[PDB]
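Shown below, as structure tokens, is a lone chain in the form deposited in one PDB entry; questions about how it binds or moves come after it.
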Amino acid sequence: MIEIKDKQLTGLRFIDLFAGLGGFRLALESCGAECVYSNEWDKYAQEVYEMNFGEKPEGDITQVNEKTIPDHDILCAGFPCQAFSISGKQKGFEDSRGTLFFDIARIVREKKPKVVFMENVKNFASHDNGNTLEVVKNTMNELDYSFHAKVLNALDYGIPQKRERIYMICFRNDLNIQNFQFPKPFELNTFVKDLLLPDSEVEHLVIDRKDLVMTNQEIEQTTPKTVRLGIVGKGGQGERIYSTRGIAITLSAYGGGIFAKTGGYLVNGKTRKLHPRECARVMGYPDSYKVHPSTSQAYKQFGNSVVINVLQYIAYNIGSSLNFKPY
């Protein structure tokens, strides 16, 4: 994550729904905002959240009375994506994990925050012939909010990961915000190899599979894209190897394959998956952030998370818009 000198969100309160690791919290707090409520039902996510912020998020949001949620200015929510991801079954709203947005709408209707800031996977934007996004849009408009949605790739914002996500920023209409803008892309000068840990700290992650098939030569020039170098097995998810001179593939939460949830990389002649700390860095998390003691849970948590830097630029722009109140 980056440093934010001008705290655009100072004095603003926000809630951290579907908190996970608290990526939205790091992002908004870096801009000066104050978190007044967090919600996350996963036992392990609650533990790591507590390790880093000192509070245990409240459980199952579908059972929380929206009237008991503290007043706030910005509602943050990177809601479940299994039901919308290109990697899943795409049952969408028909999925038990796909109706969480309506819980968000329920809370918004009641608390009417100034801003609603949501995130989901790229496929969310085209799911069900675009009907899914339209539904979110119409729901927000009905609740009297504007709707700004755009898919941003983390590689365009200083982080070496091809993580494409749709970000939805909504302003309550009475605020008449007409100048919100998604941050503009800039050249990437950081690649996977710049975030790796020393070899001595990741030796245990080195795997030597005799079914390894190198399909492309390593590149010596850094490039802002994923560069596949080979595969193991049939080359399915988690069985693909990439160059560290390129960018990281999208980290996942329930992913499988021998290089589960991070993908494999060629590092100093050997092939290995990423270490949880490297996952943190590829997600823009500061080294000061404490990862969960269970590596499997840590991989899952970062795989479900958000790239801090991207949210920071967006949060900064939300604040910039809110602060422009000329006479």
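The numbering used is simple: start at 1 and walk along the sequence shown. Each form is matched to the other, and the largest set of C-alpha atoms that superpose within 1.5 Å is called the rigid core.
The protein also exists as the form deposited in another entry; that form is not presented, and the subsequent description refers to it.
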| task | Identify which of 113, 246, 78, 98 has its C-alpha displaced by 2 Å or more between the shown form and the other one once the rigid core is superposed. | result | 98
| Under a superposition restricted to the rigid core, does residue 138 display a Cα displacement of 2 angstroms or more between the shown form and the other one? | no
| Did residue 178 shift 2 Å or more between the shown form and the other one, C-alpha, core superposed | no
| message | So the CA-CA distance for residue 97 and residue 65 moves by at least 3 angstroms in the other form. Closer or farther than here? | response | closer
| request: Kindly indicate if, in the other form, the C-alpha atoms of residue 310 and residue 97 are closer or farther apart than in the structure shown, bearing in mind the change is 3 Å or more. | output: farther
